[PDB]
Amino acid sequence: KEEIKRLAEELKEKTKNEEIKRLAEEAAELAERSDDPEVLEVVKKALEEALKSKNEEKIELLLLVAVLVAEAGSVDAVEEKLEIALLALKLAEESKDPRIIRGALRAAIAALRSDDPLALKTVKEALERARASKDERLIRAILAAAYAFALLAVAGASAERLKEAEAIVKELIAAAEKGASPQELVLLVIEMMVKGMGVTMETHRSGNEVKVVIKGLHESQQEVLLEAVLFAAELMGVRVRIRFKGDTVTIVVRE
């Protein structure tokens, strides 16, 4: 019903996040132009859950759902995208590791914000393998790959370059399931970012550490490389030292 309007304002007078305030207004402003029972119920559930959440990742993903279902008018028109969001929310409730909860929701948000079906498919199947395996070490490795790959897609990377990035996502998961060390997995995340940007890298092994020199990275690319590596290194517990000098990023992975 038009209780949506009430649930939306309630969040709008409660929010401290400006974008959350915008989505709540947008979700209610697209739902009253619909007579589909599913749409009015999906937005109702979404606004209700986000009204009872203190985690900004959940609130944003729930509102991003309600806007995605209210605009399409049909739940079937976004039923794929709807699944990826309902999988991360389920995984978020299943785990007790705050890095896993943040990694699952952020990867779903980034995948939904990105318009690429390859990212949607990848994150979906990455969440399914995470929910299937009850191994937290494997789940963190899967999310470090998926959330990184999603950041490439939301950065507007070419579909020809996301193809080469996905091959490294597959390689990273396969290596993780064979008990690869966290340093090896962090190196492969960097390998994914580099191949997802049309760039080359140089590796050096001065001792039990790896030095990676990346050349010709644009300013908008260096930000998202920093965000993906820092998140994967925090998931794996790896210490990385990243240096930004001109157009050359130097990452030192230490174990």
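Residue numbers here begin at 1 and follow the sequence given.
Comparing 83 to 91 with 145 to 153, the higher mean C-alpha B-factor in the PDB entry belongs to 83 to 91. On average the C-alpha atoms of 13 to 21 have higher B-factors than those of the other stretch, with 13 to 21 and 238 to 246 being the two compared. Residues shown: 177, 97, 76, 125. Highest C-alpha temperature factor in the entry: 76. Annotation for residue 117: CA B-factor lies in the highest third of the chain's modelled residues. Looking at the C-alpha B-factors along this chain, the one for residue 140 belongs to the lowest third. Looking at the C-alpha B-factors along this chain, the one for residue 160 belongs to the highest third.
Per the deposited record, the Cα B-factor of residue 209 falls in the highest third when ranked against the other modelled residues of its chain. Placement of the Cα temperature factor of residue 200 within the chain: highest third of the modelled residues, per the deposited record.
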